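S.K.: Data: upload.txt, compact mmCIF, N, CA, C and O atoms.
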# COMPACT_ATOMS: atom_id res chain seq x y z
N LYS A 1 0.82 -1.21 0.00
CA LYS A 1 0.00 0.00 0.00
C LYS A 1 0.86 1.26 0.00
O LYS A 1 0.69 2.16 0.82
N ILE A 2 1.78 1.33 -0.94
CA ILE A 2 2.62 2.50 -1.16
C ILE A 2 2.08 3.25 -2.38
O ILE A 2 1.66 2.63 -3.36
N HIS A 3 2.07 4.57 -2.30
CA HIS A 3 1.56 5.39 -3.39
C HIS A 3 2.64 5.60 -4.44
O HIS A 3 3.63 6.28 -4.16
N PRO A 4 2.50 5.06 -5.65
CA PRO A 4 3.43 5.41 -6.72
C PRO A 4 3.35 6.90 -7.01
O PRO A 4 2.43 7.59 -6.57
N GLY A 5 4.32 7.39 -7.76
CA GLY A 5 4.43 8.82 -7.96
C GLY A 5 3.43 9.45 -8.90
O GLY A 5 3.61 10.61 -9.29
N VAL A 6 2.38 8.73 -9.29
CA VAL A 6 1.40 9.24 -10.25
C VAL A 6 -0.01 8.99 -9.71
O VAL A 6 -0.33 7.87 -9.30
N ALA A 7 -0.84 10.03 -9.71
CA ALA A 7 -2.21 9.86 -9.26
C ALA A 7 -3.14 9.55 -10.44
O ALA A 7 -2.75 9.65 -11.61
N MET A 8 -4.37 9.16 -10.12
CA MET A 8 -5.33 8.73 -11.14
C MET A 8 -6.61 9.55 -11.07
O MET A 8 -6.94 10.15 -10.05
N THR A 9 -7.35 9.55 -12.18
CA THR A 9 -8.74 9.99 -12.21
C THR A 9 -9.57 8.90 -12.87
O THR A 9 -9.18 8.38 -13.92
N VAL A 10 -10.70 8.56 -12.26
CA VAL A 10 -11.53 7.46 -12.70
C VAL A 10 -12.82 8.03 -13.27
O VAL A 10 -13.33 9.04 -12.77
N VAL A 11 -13.33 7.38 -14.31
CA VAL A 11 -14.55 7.81 -14.99
C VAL A 11 -15.49 6.62 -15.25
O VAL A 11 -15.07 5.61 -15.80
N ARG A 12 -16.75 6.75 -14.85
CA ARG A 12 -17.73 5.68 -15.05
C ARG A 12 -19.12 6.24 -15.32
O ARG A 12 -19.60 7.12 -14.60
N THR A 13 -19.78 5.71 -16.35
CA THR A 13 -21.12 6.16 -16.72
C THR A 13 -22.20 5.29 -16.08
O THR A 13 -22.06 4.08 -15.99
N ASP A 14 -23.28 5.94 -15.65
CA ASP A 14 -24.39 5.27 -15.01
C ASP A 14 -25.68 5.56 -15.75
O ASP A 14 -25.82 6.60 -16.40
N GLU A 15 -26.60 4.61 -15.67
CA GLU A 15 -27.84 4.65 -16.42
C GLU A 15 -29.02 4.75 -15.48
O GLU A 15 -29.06 4.09 -14.44
N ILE A 16 -29.96 5.60 -15.84
CA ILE A 16 -31.13 5.90 -15.05
C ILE A 16 -32.36 5.54 -15.86
O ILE A 16 -32.42 5.85 -17.06
N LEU A 17 -33.34 4.88 -15.24
CA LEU A 17 -34.67 4.91 -15.82
C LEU A 17 -35.39 6.13 -15.29
O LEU A 17 -35.50 6.33 -14.09
N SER A 18 -35.88 6.98 -16.19
CA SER A 18 -36.48 8.22 -15.75
C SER A 18 -37.86 8.37 -16.35
O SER A 18 -38.15 7.86 -17.43
N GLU A 19 -38.71 9.08 -15.63
CA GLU A 19 -40.07 9.33 -16.04
C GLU A 19 -40.19 10.80 -16.41
O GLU A 19 -39.84 11.66 -15.60
N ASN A 20 -40.68 11.08 -17.60
CA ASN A 20 -40.61 12.41 -18.17
C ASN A 20 -41.97 13.09 -18.16
O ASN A 20 -42.97 12.52 -17.75
N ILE A 21 -41.97 14.33 -18.61
CA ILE A 21 -43.18 15.10 -18.86
C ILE A 21 -43.11 15.59 -20.29
O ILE A 21 -42.03 15.72 -20.86
N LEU A 22 -44.27 15.86 -20.89
CA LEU A 22 -44.28 16.45 -22.23
C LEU A 22 -45.40 17.47 -22.31
O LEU A 22 -46.57 17.11 -22.19
N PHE A 23 -45.05 18.73 -22.51
CA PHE A 23 -46.06 19.75 -22.72
C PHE A 23 -46.17 20.05 -24.20
O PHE A 23 -45.15 20.16 -24.88
N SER A 24 -47.39 20.20 -24.69
CA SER A 24 -47.58 20.68 -26.05
C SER A 24 -48.69 21.71 -26.08
O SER A 24 -49.78 21.46 -25.56
N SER A 25 -48.43 22.84 -26.72
CA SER A 25 -49.37 23.95 -26.67
C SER A 25 -50.65 23.60 -27.42
O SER A 25 -50.81 22.51 -27.95
N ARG A 26 -51.58 24.54 -27.45
CA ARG A 26 -52.85 24.31 -28.12
C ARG A 26 -52.73 24.50 -29.62
O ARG A 26 -52.08 25.44 -30.08
N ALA A 27 -53.37 23.61 -30.37
CA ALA A 27 -53.51 23.71 -31.82
C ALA A 27 -52.16 23.77 -32.53
O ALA A 27 -52.04 24.35 -33.60
N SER A 28 -51.14 23.15 -31.95
CA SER A 28 -49.80 23.42 -32.43
C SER A 28 -49.52 22.72 -33.76
O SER A 28 -49.09 23.35 -34.72
N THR A 29 -49.79 21.42 -33.84
CA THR A 29 -49.55 20.65 -35.05
C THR A 29 -50.87 20.31 -35.71
O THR A 29 -51.88 20.12 -35.03
N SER A 30 -50.87 20.25 -37.03
CA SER A 30 -52.06 19.96 -37.81
C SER A 30 -51.92 18.59 -38.47
O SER A 30 -50.83 18.25 -38.95
N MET A 31 -53.00 17.83 -38.48
CA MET A 31 -53.03 16.46 -38.98
C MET A 31 -54.03 16.38 -40.13
O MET A 31 -55.05 17.06 -40.11
N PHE A 32 -53.71 15.57 -41.13
CA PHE A 32 -54.63 15.24 -42.22
C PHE A 32 -54.79 13.73 -42.27
O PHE A 32 -53.81 13.01 -42.45
N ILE A 33 -56.03 13.26 -42.16
CA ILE A 33 -56.33 11.85 -41.91
C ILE A 33 -57.08 11.30 -43.10
O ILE A 33 -57.98 11.96 -43.62
N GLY A 34 -56.72 10.11 -43.53
CA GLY A 34 -57.41 9.51 -44.65
C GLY A 34 -58.41 8.45 -44.26
O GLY A 34 -58.46 7.99 -43.12
N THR A 35 -59.22 8.07 -45.23
CA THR A 35 -60.09 6.92 -45.08
C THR A 35 -59.27 5.64 -45.24
O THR A 35 -58.36 5.59 -46.06
N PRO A 36 -59.55 4.61 -44.45
CA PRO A 36 -58.73 3.40 -44.51
C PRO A 36 -59.12 2.47 -45.65
O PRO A 36 -60.16 2.63 -46.30
N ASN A 37 -58.28 1.48 -45.89
CA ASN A 37 -58.49 0.51 -46.96
C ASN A 37 -58.48 -0.90 -46.42
O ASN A 37 -57.70 -1.23 -45.53
N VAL A 38 -59.34 -1.74 -46.98
CA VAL A 38 -59.41 -3.15 -46.62
C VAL A 38 -58.86 -3.97 -47.78
O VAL A 38 -58.86 -3.53 -48.93
N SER A 39 -58.38 -5.16 -47.46
CA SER A 39 -57.95 -6.13 -48.45
C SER A 39 -57.97 -7.49 -47.79
O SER A 39 -57.42 -7.64 -46.70
N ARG A 40 -58.59 -8.47 -48.43
CA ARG A 40 -58.74 -9.78 -47.83
C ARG A 40 -57.63 -10.70 -48.31
O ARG A 40 -57.39 -10.82 -49.51
N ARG A 41 -56.92 -11.30 -47.37
CA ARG A 41 -56.08 -12.44 -47.69
C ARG A 41 -56.98 -13.61 -48.05
O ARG A 41 -58.11 -13.72 -47.56
N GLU A 42 -56.50 -14.48 -48.92
CA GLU A 42 -57.34 -15.53 -49.47
C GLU A 42 -57.94 -16.42 -48.39
O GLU A 42 -57.50 -16.42 -47.24
N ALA A 43 -58.95 -17.20 -48.77
CA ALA A 43 -59.77 -17.90 -47.80
C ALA A 43 -58.99 -18.98 -47.08
O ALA A 43 -58.49 -19.91 -47.71
N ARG A 44 -58.91 -18.86 -45.76
CA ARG A 44 -58.55 -19.98 -44.89
C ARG A 44 -59.82 -20.69 -44.45
O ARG A 44 -60.84 -20.04 -44.19
N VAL A 45 -59.75 -22.01 -44.35
CA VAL A 45 -60.96 -22.83 -44.34
C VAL A 45 -61.88 -22.49 -43.18
O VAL A 45 -63.11 -22.61 -43.30
N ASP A 46 -61.33 -22.08 -42.04
CA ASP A 46 -62.18 -21.78 -40.90
C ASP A 46 -62.35 -20.28 -40.69
O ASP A 46 -63.35 -19.85 -40.10
N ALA A 47 -61.40 -19.48 -41.16
CA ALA A 47 -61.40 -18.05 -40.87
C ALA A 47 -60.93 -17.28 -42.09
O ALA A 47 -60.18 -17.78 -42.93
N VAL A 48 -61.36 -16.02 -42.17
CA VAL A 48 -60.92 -15.08 -43.18
C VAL A 48 -60.28 -13.90 -42.47
O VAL A 48 -60.78 -13.44 -41.45
N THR A 49 -59.16 -13.41 -43.01
CA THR A 49 -58.44 -12.31 -42.40
C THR A 49 -58.39 -11.14 -43.35
O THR A 49 -57.95 -11.28 -44.49
N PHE A 50 -58.81 -9.97 -42.87
CA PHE A 50 -58.75 -8.74 -43.64
C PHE A 50 -57.64 -7.86 -43.09
O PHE A 50 -57.23 -8.00 -41.94
N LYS B 1 -26.57 -83.61 -52.23
CA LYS B 1 -27.88 -83.99 -51.71
C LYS B 1 -27.76 -84.86 -50.46
O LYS B 1 -28.40 -85.91 -50.35
N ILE B 2 -26.95 -84.42 -49.51
CA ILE B 2 -26.81 -85.06 -48.21
C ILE B 2 -27.47 -84.17 -47.17
O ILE B 2 -27.36 -82.95 -47.23
N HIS B 3 -28.15 -84.78 -46.23
CA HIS B 3 -28.87 -84.04 -45.21
C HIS B 3 -27.88 -83.30 -44.33
O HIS B 3 -27.03 -83.94 -43.70
N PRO B 4 -27.91 -81.97 -44.26
CA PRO B 4 -27.19 -81.28 -43.20
C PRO B 4 -27.85 -81.60 -41.88
O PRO B 4 -29.02 -81.99 -41.84
N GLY B 5 -27.13 -81.42 -40.80
CA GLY B 5 -27.66 -81.91 -39.55
C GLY B 5 -28.74 -81.05 -38.94
O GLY B 5 -28.82 -80.93 -37.71
N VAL B 6 -29.61 -80.47 -39.76
CA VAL B 6 -30.66 -79.60 -39.26
C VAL B 6 -31.70 -79.43 -40.36
O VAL B 6 -31.38 -79.38 -41.54
N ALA B 7 -32.97 -79.38 -39.95
CA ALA B 7 -34.09 -79.17 -40.84
C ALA B 7 -34.48 -77.70 -40.81
O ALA B 7 -33.92 -76.90 -40.07
N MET B 8 -35.48 -77.34 -41.61
CA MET B 8 -35.88 -75.95 -41.68
C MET B 8 -37.38 -75.87 -41.89
O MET B 8 -37.98 -76.76 -42.48
N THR B 9 -37.99 -74.81 -41.36
CA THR B 9 -39.42 -74.58 -41.53
C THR B 9 -39.62 -73.28 -42.27
O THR B 9 -39.21 -72.22 -41.79
N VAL B 10 -40.29 -73.36 -43.40
CA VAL B 10 -40.39 -72.28 -44.37
C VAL B 10 -41.73 -71.60 -44.25
O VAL B 10 -42.77 -72.27 -44.17
N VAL B 11 -41.73 -70.26 -44.27
CA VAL B 11 -42.93 -69.46 -44.09
C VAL B 11 -43.11 -68.57 -45.30
O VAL B 11 -42.15 -67.96 -45.78
N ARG B 12 -44.34 -68.50 -45.81
CA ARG B 12 -44.72 -67.69 -46.96
C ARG B 12 -45.98 -66.91 -46.64
O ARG B 12 -46.78 -67.32 -45.80
N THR B 13 -46.20 -65.81 -47.34
CA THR B 13 -47.49 -65.15 -47.30
C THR B 13 -48.05 -65.08 -48.70
O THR B 13 -47.31 -65.10 -49.69
N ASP B 14 -49.37 -65.03 -48.79
CA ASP B 14 -50.03 -65.10 -50.07
C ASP B 14 -51.21 -64.17 -50.08
O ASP B 14 -51.86 -63.97 -49.05
N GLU B 15 -51.47 -63.60 -51.25
CA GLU B 15 -52.48 -62.58 -51.43
C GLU B 15 -53.58 -63.08 -52.35
O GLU B 15 -53.33 -63.73 -53.37
N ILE B 16 -54.81 -62.74 -51.99
CA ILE B 16 -56.00 -63.27 -52.62
C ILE B 16 -56.93 -62.12 -52.94
O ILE B 16 -57.34 -61.39 -52.03
N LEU B 17 -57.21 -61.93 -54.22
CA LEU B 17 -58.18 -60.94 -54.63
C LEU B 17 -59.57 -61.53 -54.55
O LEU B 17 -59.86 -62.55 -55.17
N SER B 18 -60.47 -60.83 -53.87
CA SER B 18 -61.76 -61.40 -53.54
C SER B 18 -62.82 -60.32 -53.62
O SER B 18 -62.54 -59.12 -53.51
N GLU B 19 -64.06 -60.76 -53.81
CA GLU B 19 -65.22 -59.89 -53.80
C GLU B 19 -65.91 -59.98 -52.45
O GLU B 19 -65.81 -60.96 -51.73
N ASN B 20 -66.64 -58.92 -52.11
CA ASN B 20 -67.06 -58.72 -50.75
C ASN B 20 -68.49 -58.24 -50.73
O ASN B 20 -69.05 -57.84 -51.74
N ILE B 21 -69.09 -58.32 -49.55
CA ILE B 21 -70.46 -57.89 -49.30
C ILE B 21 -70.44 -57.06 -48.03
O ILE B 21 -69.93 -57.51 -47.01
N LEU B 22 -71.01 -55.87 -48.09
CA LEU B 22 -71.06 -54.99 -46.93
C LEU B 22 -72.51 -54.73 -46.57
O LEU B 22 -73.27 -54.23 -47.39
N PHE B 23 -72.88 -55.05 -45.34
CA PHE B 23 -74.23 -54.78 -44.87
C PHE B 23 -74.19 -53.67 -43.85
O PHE B 23 -73.48 -53.77 -42.85
N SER B 24 -74.98 -52.63 -44.09
CA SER B 24 -75.09 -51.53 -43.14
C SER B 24 -76.54 -51.36 -42.76
O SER B 24 -77.41 -51.29 -43.63
N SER B 25 -76.81 -51.25 -41.46
CA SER B 25 -78.19 -51.20 -41.00
C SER B 25 -78.82 -49.86 -41.36
O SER B 25 -78.22 -49.03 -42.03
N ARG B 26 -80.05 -49.67 -40.92
CA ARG B 26 -80.77 -48.44 -41.20
C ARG B 26 -80.31 -47.34 -40.27
O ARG B 26 -80.14 -47.57 -39.07
N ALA B 27 -80.13 -46.14 -40.81
CA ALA B 27 -79.84 -44.95 -40.03
C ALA B 27 -78.77 -45.22 -38.98
O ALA B 27 -78.99 -45.07 -37.78
N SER B 28 -77.60 -45.65 -39.43
CA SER B 28 -76.54 -45.99 -38.50
C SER B 28 -75.65 -44.81 -38.15
O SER B 28 -75.00 -44.84 -37.10
N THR B 29 -75.58 -43.79 -38.99
CA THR B 29 -74.70 -42.66 -38.73
C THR B 29 -75.42 -41.39 -39.13
O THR B 29 -76.40 -41.41 -39.87
N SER B 30 -74.91 -40.27 -38.63
CA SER B 30 -75.43 -38.96 -38.97
C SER B 30 -74.36 -38.21 -39.73
O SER B 30 -73.27 -37.98 -39.20
N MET B 31 -74.66 -37.81 -40.96
CA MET B 31 -73.75 -37.02 -41.76
C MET B 31 -74.18 -35.56 -41.71
O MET B 31 -75.33 -35.24 -41.99
N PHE B 32 -73.25 -34.70 -41.31
CA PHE B 32 -73.45 -33.26 -41.36
C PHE B 32 -72.72 -32.72 -42.58
O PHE B 32 -71.55 -33.05 -42.78
N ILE B 33 -73.41 -31.93 -43.39
CA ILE B 33 -72.92 -31.56 -44.72
C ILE B 33 -72.87 -30.05 -44.86
O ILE B 33 -73.92 -29.38 -44.82
N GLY B 34 -71.67 -29.51 -45.07
CA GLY B 34 -71.47 -28.08 -45.21
C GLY B 34 -71.34 -27.66 -46.65
O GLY B 34 -71.12 -28.47 -47.54
N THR B 35 -71.46 -26.35 -46.89
CA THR B 35 -71.50 -25.86 -48.25
C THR B 35 -70.12 -25.96 -48.90
O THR B 35 -69.11 -25.69 -48.25
N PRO B 36 -70.05 -26.33 -50.17
CA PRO B 36 -68.76 -26.39 -50.85
C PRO B 36 -68.26 -25.00 -51.17
O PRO B 36 -69.04 -24.06 -51.36
N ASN B 37 -66.94 -24.87 -51.24
CA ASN B 37 -66.35 -23.55 -51.36
C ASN B 37 -65.08 -23.65 -52.20
O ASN B 37 -64.52 -24.73 -52.35
N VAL B 38 -64.67 -22.53 -52.80
CA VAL B 38 -63.62 -22.53 -53.81
C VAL B 38 -62.54 -21.53 -53.42
O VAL B 38 -62.82 -20.48 -52.84
N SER B 39 -61.28 -21.87 -53.73
CA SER B 39 -60.18 -20.94 -53.56
C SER B 39 -59.12 -21.24 -54.61
O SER B 39 -58.89 -22.40 -54.92
N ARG B 40 -58.45 -20.21 -55.10
CA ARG B 40 -57.39 -20.38 -56.09
C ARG B 40 -56.13 -20.90 -55.41
O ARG B 40 -55.92 -20.64 -54.23
N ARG B 41 -55.30 -21.62 -56.15
CA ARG B 41 -54.07 -22.17 -55.57
C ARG B 41 -52.79 -21.69 -56.23
O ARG B 41 -51.83 -21.35 -55.55
N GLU B 42 -52.76 -21.68 -57.56
CA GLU B 42 -51.58 -21.24 -58.29
C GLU B 42 -51.94 -20.22 -59.35
O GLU B 42 -53.11 -19.92 -59.60
N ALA B 43 -50.90 -19.69 -59.97
CA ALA B 43 -50.99 -19.04 -61.27
C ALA B 43 -49.68 -19.28 -61.97
O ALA B 43 -48.65 -18.73 -61.58
N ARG B 44 -49.69 -20.12 -62.99
CA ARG B 44 -48.48 -20.41 -63.73
C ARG B 44 -48.45 -19.54 -64.97
O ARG B 44 -49.34 -18.72 -65.21
N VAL B 45 -47.39 -19.71 -65.76
CA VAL B 45 -47.14 -18.83 -66.89
C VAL B 45 -48.33 -18.80 -67.84
O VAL B 45 -48.55 -17.80 -68.54
N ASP B 46 -49.13 -19.87 -67.87
CA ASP B 46 -50.21 -20.03 -68.83
C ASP B 46 -51.59 -20.09 -68.22
O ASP B 46 -52.53 -19.56 -68.80
N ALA B 47 -51.75 -20.74 -67.07
CA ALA B 47 -53.08 -21.07 -66.58
C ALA B 47 -53.17 -20.84 -65.08
O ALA B 47 -52.18 -20.66 -64.39
N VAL B 48 -54.41 -20.85 -64.60
CA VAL B 48 -54.75 -20.62 -63.20
C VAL B 48 -55.50 -21.83 -62.70
O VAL B 48 -56.46 -22.27 -63.35
N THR B 49 -55.09 -22.38 -61.57
CA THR B 49 -55.74 -23.56 -61.02
C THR B 49 -56.54 -23.20 -59.78
O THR B 49 -56.12 -22.38 -58.97
N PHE B 50 -57.69 -23.84 -59.64
CA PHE B 50 -58.59 -23.63 -58.52
C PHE B 50 -58.76 -24.92 -57.76
O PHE B 50 -58.72 -26.01 -58.34
Represent the structure from my file as structure tokens, please.
M.R.:
Amino acid sequence: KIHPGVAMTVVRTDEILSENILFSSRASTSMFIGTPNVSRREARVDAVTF
Amino acid sequence: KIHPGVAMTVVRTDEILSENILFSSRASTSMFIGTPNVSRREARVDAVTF
């Protein structure tokens, strides 16, 4: 336990799970929404999937 | 053609084509019958199979 003639600096990164807030003003972003589309995958004997 | 000192027993199986009679009583089973339905399977360079 003798000190050599050179000192050190240590560096280590740590990770946090954090819970945030988000403010957004009124009427800030504008959206344009379309009508959706259907399409049927071919017939499976017991069920049909759209 | 001298007898070796041991005999042998030979086993064969044989197949017979035959006609048959099947008797089934009255109302022995219940058949439930669903509607027939169609779906495409391939499309080759020339034709389409269903």
S.K.: Could you superimpose chain B onto chain A using all C-alpha atoms, paired one by one in order, and tell me the resulting RMSD in Å?
M.R.: 3.3 Å
S.K.: Define the interface residues of chain A facing chain B as those within 12 Å, counting only C-alpha atoms, and report them as a count of residues only.
M.R.: 7
S.K.: Taking all atoms of region 11-22 of chain B that the file lists and extending 4 Å past them on each side, where is the centre of the axis-aligned box and how long are its edges? Answer in Å to one decimal, as lines of an AutoDock Vina configuration file.
M.R.:
center_x = -57.5
center_y = -62.2
center_z = -49.6
size_x = 39.5
size_y = 24.0
size_z = 19.1
